[PDB]
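Asker: Below you'll find the structure I mean.
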Amino acid sequence: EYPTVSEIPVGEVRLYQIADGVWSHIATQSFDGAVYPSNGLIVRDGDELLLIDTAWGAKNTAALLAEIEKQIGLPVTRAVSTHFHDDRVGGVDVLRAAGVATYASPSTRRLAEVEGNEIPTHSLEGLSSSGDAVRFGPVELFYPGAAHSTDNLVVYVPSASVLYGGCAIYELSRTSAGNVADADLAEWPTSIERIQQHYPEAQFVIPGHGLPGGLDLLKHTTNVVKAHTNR
Ligand SMILES: O=C(O)/C(S)=C/c1c(Cl)ccc(Cl)c1Cl
Ligand SMILES: [Zn+2]
Ligand SMILES: [Zn+2]
Ligand SMILES: [Zn+2]
């Protein structure tokens, strides 16, 4: 029942309700002749919504906002991008234009800038050291250490025990490393272990791309990362 690529045309965005007040948003993008899914999150915060990550580009992100207004009908007042790649910040200018306050760690902002990507307006403090956590509205933000990228954040929704790993976490069907040009292969397994230590009670784990599962996705990612390491 969780949507896959074949069900989502590029341009279109799906919402999937995970818990009371918790959805993922799912979009697709075609790159080098293949089509990829990508996840983000939506958390209700009173009469407003917190958005985690864009839907990978301006077009998809504009469709995400229309889809949220149509299906949920509460305003997106804030957005956090969990790292500096285009699937996380591509569409930030659309959010900003719609009056959404956009946020990211200083480190994510600097890396976006260097990459020439869109740049969240606000800087998130308290997340500079591995193991650091801060509360941001209805979620906890966690910096596990470098993994898929040096800046990657993970997000936890304590009310629903939902752990959103972003692109630091692989789905189960993904058995080979994705793009790791910006990865810290050496630290990645250690960073995943910090996630496991901090959220042992997580009941749903969302990867940046593909199908959700349970905490097994953490060991799965380490397995893939270590395999790639020994290539
Ligand atoms: O494997 C992943 O989760 C991602 S984010 C791959 C990637 C990278 Cl490394 C750079 C740029 C872009 Cl656009 C993408 Cl999609
Ligand atoms: Zn990435
Ligand atoms: Zn990604
Ligand atoms: Zn596995």
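By convention here, the chains of the structure tokens are called A, B, ... in the order presented, each chain's residues are numbered starting at 1, and ligands are numbered starting at 1 in the order presented.
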Do you know which residues are at most 7 Å from residue 202 of chain A counting only C-alpha atoms, after dropping those on the same chain fewer than 4 positions away, and could you put them as a list in words?

Answerer: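 Selected residues are residues 161, 162, 163 and 215 of chain A.
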
Asker: Keeping only N, CA, C and O atoms, write the selected residues to a file as a PDB file, in the first residue's frame.

Answerer:
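Produced file part_22.pdb, reproduced below:
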```
ATOM      1  N   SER A 161       6.539   7.459  17.414  1.00  0.00           N
ATOM      2  CA  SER A 161       7.718   6.582  17.336  1.00  0.00           C
ATOM      3  C   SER A 161       8.171   6.357  15.888  1.00  0.00           C
ATOM      4  O   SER A 161       8.566   5.252  15.487  1.00  0.00           O
ATOM      5  N   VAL A 162       8.117   7.426  15.102  1.00  0.00           N
ATOM      6  CA  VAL A 162       8.513   7.356  13.713  1.00  0.00           C
ATOM      7  C   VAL A 162       9.918   7.923  13.597  1.00  0.00           C
ATOM      8  O   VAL A 162      10.161   9.055  14.005  1.00  0.00           O
ATOM      9  N   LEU A 163      10.835   7.121  13.065  1.00  0.00           N
ATOM     10  CA  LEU A 163      12.192   7.559  12.786  1.00  0.00           C
ATOM     11  C   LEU A 163      12.394   7.786  11.284  1.00  0.00           C
ATOM     12  O   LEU A 163      12.235   6.873  10.471  1.00  0.00           O
ATOM     13  N   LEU A 215      13.518  -1.114  12.425  1.00  0.00           N
ATOM     14  CA  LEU A 215      14.904  -0.761  12.721  1.00  0.00           C
ATOM     15  C   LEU A 215      15.922  -1.642  12.016  1.00  0.00           C
ATOM     16  O   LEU A 215      17.101  -1.306  12.010  1.00  0.00           O
TER      17      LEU A 215
END
```

Asker: How would you report the residues lying within 7 Å of ligand 2, as number ranges by chain, if you count only C-alpha atoms and all ligand atoms?

Answerer: A: 83, 85, 87, 148-149, 167

Asker: Now that the selection is made, can you save its residues with N, CA, C and O atoms as a PDB file, in the first residue's frame?

Answerer:
```pdb
ATOM      1  N   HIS A  83      19.697  17.112   4.364  1.00  0.00           N
ATOM      2  CA  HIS A  83      21.057  17.450   3.926  1.00  0.00           C
ATOM      3  C   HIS A  83      21.051  18.299   2.656  1.00  0.00           C
ATOM      4  O   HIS A  83      19.981  18.724   2.197  1.00  0.00           O
ATOM      5  N   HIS A  85      21.831  17.960  -0.571  1.00  0.00           N
ATOM      6  CA  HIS A  85      21.548  17.514  -1.921  1.00  0.00           C
ATOM      7  C   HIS A  85      20.185  17.992  -2.442  1.00  0.00           C
ATOM      8  O   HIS A  85      19.298  18.358  -1.688  1.00  0.00           O
ATOM      9  N   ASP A  87      17.610  16.632  -3.697  1.00  0.00           N
ATOM     10  CA  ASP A  87      16.374  15.934  -3.326  1.00  0.00           C
ATOM     11  C   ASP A  87      15.856  16.380  -1.962  1.00  0.00           C
ATOM     12  O   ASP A  87      14.705  16.079  -1.585  1.00  0.00           O
ATOM     13  N   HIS A 148      25.951   9.399   4.766  1.00  0.00           N
ATOM     14  CA  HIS A 148      25.713   9.585   3.338  1.00  0.00           C
ATOM     15  C   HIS A 148      26.313  10.929   2.939  1.00  0.00           C
ATOM     16  O   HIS A 148      26.829  11.090   1.833  1.00  0.00           O
ATOM     17  N   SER A 149      26.268  11.885   3.872  1.00  0.00           N
ATOM     18  CA  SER A 149      26.966  13.154   3.725  1.00  0.00           C
ATOM     19  C   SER A 149      27.418  13.651   5.105  1.00  0.00           C
ATOM     20  O   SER A 149      26.976  13.114   6.130  1.00  0.00           O
ATOM     21  N   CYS A 167      18.507  10.108   3.728  1.00  0.00           N
ATOM     22  CA  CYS A 167      19.366   9.349   2.829  1.00  0.00           C
ATOM     23  C   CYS A 167      20.540   8.674   3.522  1.00  0.00           C
ATOM     24  O   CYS A 167      21.273   7.899   2.905  1.00  0.00           O
TER      25      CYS A 167
END
```

Asker: Using only C-alpha atoms and all ligand atoms, what are the residues with an atom within 9 Å of ligand 4, set out as a list in words?

Answerer: residues 171, 172, 173, 174, 175, 216, 217, 218, 219, 220, 221, 222, 223 and 224 of chain A

Asker: Looking only at the backbone, which of the residues in chain A does DSSP tag as helix (DSSP H, G or I), as an MDAnalysis selection string?

Answerer: chainID A and resid 5:7 58:71 86:89 92:97 106:115 188:198 216:229

Asker: Here is a test: counting only C-alpha atoms and all ligand atoms, which residue of A:32, A:193, A:53, A:182 is nearest to ligand 1?

Answerer: A:182

Asker: Ligand 1: which residues are within 10 Å, counting only C-alpha atoms and all ligand atoms, as an MDAnalysis selection string?

Answerer: chainID A and resid 29:31 36:39 56:57 83:90 115 117 148:149 166:170 177:183 207:210

Asker: Using only N, CA and C atoms, please write the residues we just selected to a file, as a JSON list (two decimals), in the first residue's frame.

Answerer:
```json
[["chain", "number", "residue", "atom", "x", "y", "z"],
["A", 29, "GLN", "N", 11.77, 11.30, -9.56],
["A", 29, "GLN", "CA", 12.60, 12.09, -10.43],
["A", 29, "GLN", "C", 13.33, 11.15, -11.38],
["A", 30, "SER", "N", 13.44, 11.57, -12.63],
["A", 30, "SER", "CA", 14.18, 10.83, -13.62],
["A", 30, "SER", "C", 15.57, 11.41, -13.75],
["A", 31, "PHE", "N", 16.57, 10.53, -13.72],
["A", 31, "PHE", "CA", 17.95, 10.97, -13.79],
["A", 31, "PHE", "C", 18.78, 9.93, -14.51],
["A", 36, "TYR", "N", 13.65, 7.45, -10.04],
["A", 36, "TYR", "CA", 13.91, 7.19, -8.64],
["A", 36, "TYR", "C", 12.78, 7.75, -7.79],
["A", 37, "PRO", "N", 12.39, 7.04, -6.72],
["A", 37, "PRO", "CA", 11.48, 7.61, -5.73],
["A", 37, "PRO", "C", 12.26, 8.40, -4.69],
["A", 38, "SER", "N", 11.57, 9.25, -3.95],
["A", 38, "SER", "CA", 12.21, 9.98, -2.89],
["A", 38, "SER", "C", 11.15, 10.31, -1.86],
["A", 39, "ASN", "N", 11.52, 10.14, -0.59],
["A", 39, "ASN", "CA", 10.63, 10.43, 0.54],
["A", 39, "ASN", "C", 10.97, 11.72, 1.28],
["A", 56, "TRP", "N", 12.12, 17.12, -4.13],
["A", 56, "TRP", "CA", 13.13, 16.99, -5.19],
["A", 56, "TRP", "C", 12.84, 17.86, -6.43],
["A", 57, "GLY", "N", 13.00, 19.17, -6.27],
["A", 57, "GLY", "CA", 12.80, 20.09, -7.36],
["A", 57, "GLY", "C", 11.60, 20.99, -7.14],
["A", 83, "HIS", "N", 19.70, 17.11, 4.36],
["A", 83, "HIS", "CA", 21.06, 17.45, 3.93],
["A", 83, "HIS", "C", 21.05, 18.30, 2.66],
["A", 84, "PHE", "N", 22.24, 18.59, 2.12],
["A", 84, "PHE", "CA", 22.38, 19.66, 1.11],
["A", 84, "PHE", "C", 22.10, 19.23, -0.34],
["A", 85, "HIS", "N", 21.83, 17.96, -0.57],
["A", 85, "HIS", "CA", 21.55, 17.51, -1.92],
["A", 85, "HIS", "C", 20.18, 17.99, -2.44],
["A", 86, "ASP", "N", 20.05, 17.94, -3.76],
["A", 86, "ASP", "CA", 18.93, 18.57, -4.46],
["A", 86, "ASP", "C", 17.58, 17.90, -4.12],
["A", 87, "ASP", "N", 17.61, 16.63, -3.70],
["A", 87, "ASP", "CA", 16.37, 15.93, -3.33],
["A", 87, "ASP", "C", 15.86, 16.38, -1.96],
["A", 88, "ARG", "N", 16.68, 17.16, -1.26],
["A", 88, "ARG", "CA", 16.34, 17.66, 0.06],
["A", 88, "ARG", "C", 16.08, 19.18, 0.07],
["A", 89, "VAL", "N", 16.81, 19.93, -0.76],
["A", 89, "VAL", "CA", 16.69, 21.40, -0.81],
["A", 89, "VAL", "C", 16.15, 21.92, -2.16],
["A", 90, "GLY", "N", 16.10, 21.06, -3.17],
["A", 90, "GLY", "CA", 15.52, 21.45, -4.45],
["A", 90, "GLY", "C", 14.04, 21.68, -4.31],
["A", 115, "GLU", "N", 27.74, 23.90, -3.57],
["A", 115, "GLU", "CA", 27.21, 23.05, -4.63],
["A", 115, "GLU", "C", 26.36, 23.87, -5.60],
["A", 117, "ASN", "N", 23.34, 24.81, -4.96],
["A", 117, "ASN", "CA", 21.95, 24.46, -4.72],
["A", 117, "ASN", "C", 21.17, 25.54, -3.96],
["A", 148, "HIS", "N", 25.95, 9.40, 4.77],
["A", 148, "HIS", "CA", 25.71, 9.59, 3.34],
["A", 148, "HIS", "C", 26.31, 10.93, 2.94],
["A", 149, "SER", "N", 26.27, 11.89, 3.87],
["A", 149, "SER", "CA", 26.97, 13.15, 3.72],
["A", 149, "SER", "C", 27.42, 13.65, 5.10],
["A", 166, "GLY", "N", 16.25, 9.74, 6.54],
["A", 166, "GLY", "CA", 16.73, 10.39, 5.32],
["A", 166, "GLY", "C", 17.67, 9.50, 4.56],
["A", 167, "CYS", "N", 18.51, 10.11, 3.73],
["A", 167, "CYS", "CA", 19.37, 9.35, 2.83],
["A", 167, "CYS", "C", 20.54, 8.67, 3.52],
["A", 168, "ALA", "N", 20.71, 8.93, 4.81],
["A", 168, "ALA", "CA", 21.65, 8.12, 5.59],
["A", 168, "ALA", "C", 21.17, 6.69, 5.76],
["A", 169, "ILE", "N", 19.89, 6.45, 5.48],
["A", 169, "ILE", "CA", 19.34, 5.08, 5.62],
["A", 169, "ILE", "C", 18.81, 4.58, 4.29],
["A", 170, "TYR", "N", 19.25, 3.36, 3.95],
["A", 170, "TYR", "CA", 18.81, 2.68, 2.73],
["A", 170, "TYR", "C", 17.55, 1.84, 2.96],
["A", 177, "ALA", "N", 25.45, 0.43, -2.93],
["A", 177, "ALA", "CA", 25.52, 1.79, -2.43],
["A", 177, "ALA", "C", 25.06, 2.74, -3.52],
["A", 178, "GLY", "N", 24.35, 3.80, -3.15],
["A", 178, "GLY", "CA", 23.90, 4.76, -4.14],
["A", 178, "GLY", "C", 25.05, 5.67, -4.50],
["A", 179, "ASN", "N", 24.78, 6.95, -4.66],
["A", 179, "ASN", "CA", 25.88, 7.86, -4.87],
["A", 179, "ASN", "C", 26.53, 8.16, -3.53],
["A", 180, "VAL", "N", 27.84, 7.94, -3.46],
["A", 180, "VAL", "CA", 28.56, 8.13, -2.22],
["A", 180, "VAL", "C", 29.69, 9.14, -2.38],
["A", 181, "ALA", "N", 29.59, 10.01, -3.39],
["A", 181, "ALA", "CA", 30.64, 11.00, -3.66],
["A", 181, "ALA", "C", 30.87, 11.91, -2.46],
["A", 182, "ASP", "N", 29.81, 12.18, -1.71],
["A", 182, "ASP", "CA", 29.88, 13.06, -0.55],
["A", 182, "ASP", "C", 29.84, 12.30, 0.79],
["A", 183, "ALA", "N", 29.95, 10.98, 0.72],
["A", 183, "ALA", "CA", 29.80, 10.14, 1.92],
["A", 183, "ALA", "C", 31.08, 10.04, 2.72],
["A", 207, "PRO", "N", 13.41, 5.51, 5.00],
["A", 207, "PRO", "CA", 14.64, 5.86, 4.29],
["A", 207, "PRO", "C", 14.43, 7.06, 3.38],
["A", 208, "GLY", "N", 15.50, 7.71, 2.94],
["A", 208, "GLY", "CA", 15.36, 8.84, 2.03],
["A", 208, "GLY", "C", 14.67, 8.43, 0.74],
["A", 209, "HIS", "N", 14.95, 7.20, 0.30],
["A", 209, "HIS", "CA", 14.38, 6.66, -0.93],
["A", 209, "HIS", "C", 13.84, 5.25, -0.72],
["A", 210, "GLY", "N", 12.59, 5.05, -1.09],
["A", 210, "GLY", "CA", 12.00, 3.72, -1.12],
["A", 210, "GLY", "C", 11.11, 3.42, 0.07]]
```

Asker: What's the separation between atom CA of residue 1 of chain A and atom CA of residue 176 of chain A, in Å to one decimal place?

Answerer: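 It comes out at 24.6 Å.
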
Asker: Do you have the atom CA of residue 34 of chain A-atom CA of residue 113 of chain A distance handy?

Answerer: 26.9 Å

Asker: Can you list, as a PyMOL selection string, all residues belonging to segment 29-121 of chain A that DSSP tags as strand (DSSP E)?

Answerer: chain A and resi 29-31+34-45+48-52+76-80+101-104

Asker: Could you give me, as a ChimeraX atom specification, the residues within 12 Å of residue 46 of chain A, counting only C-alpha atoms and dropping anything in the same chain fewer than 3 positions from it?

Answerer: /A:21,43,49-50,74-77,137-138

Asker: Could you tell me how far atom CA of residue 110 of chain A sits from atom CA of residue 95 of chain A, in Å to one decimal place?

Answerer: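 Between atom CA of residue 95 of chain A and atom CA of residue 110 of chain A the gap is 19.1 Å.
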
Asker: Would you please work out which residue, of A:205, A:111, A:55, A:157, is nearest to ligand 3 when using only C-alpha atoms and all ligand atoms?

Answerer: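 Checking each candidate against ligand 3, we get A:55 as the closest.
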
Asker: For residue 8 of chain A, please output as a PyMOL selection string all residues within 8 Å (counting only C-alpha atoms; exclusion window: fewer than 6 positions along the same chain).

Answerer: chain A and resi 14+27-28

Asker: Within 6 Å of residue 141 of chain A, counting only C-alpha atoms, which residues show up once you throw out same-chain ones fewer than 4 positions away? Write them as a PyMOL selection string, please.

Answerer: chain A and resi 133-134+155

Asker: Those same residues, written as a PDB file, in the first residue's frame with C-alpha atoms?

Answerer:
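The file below, part_14.pdb, is the result:
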```
ATOM      1  CA  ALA A 133      19.906  16.506  19.407  1.00  0.00           C
ATOM      2  CA  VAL A 134      17.507  19.413  19.563  1.00  0.00           C
ATOM      3  CA  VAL A 155      14.365  13.149  12.510  1.00  0.00           C
TER       4      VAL A 155
END
```
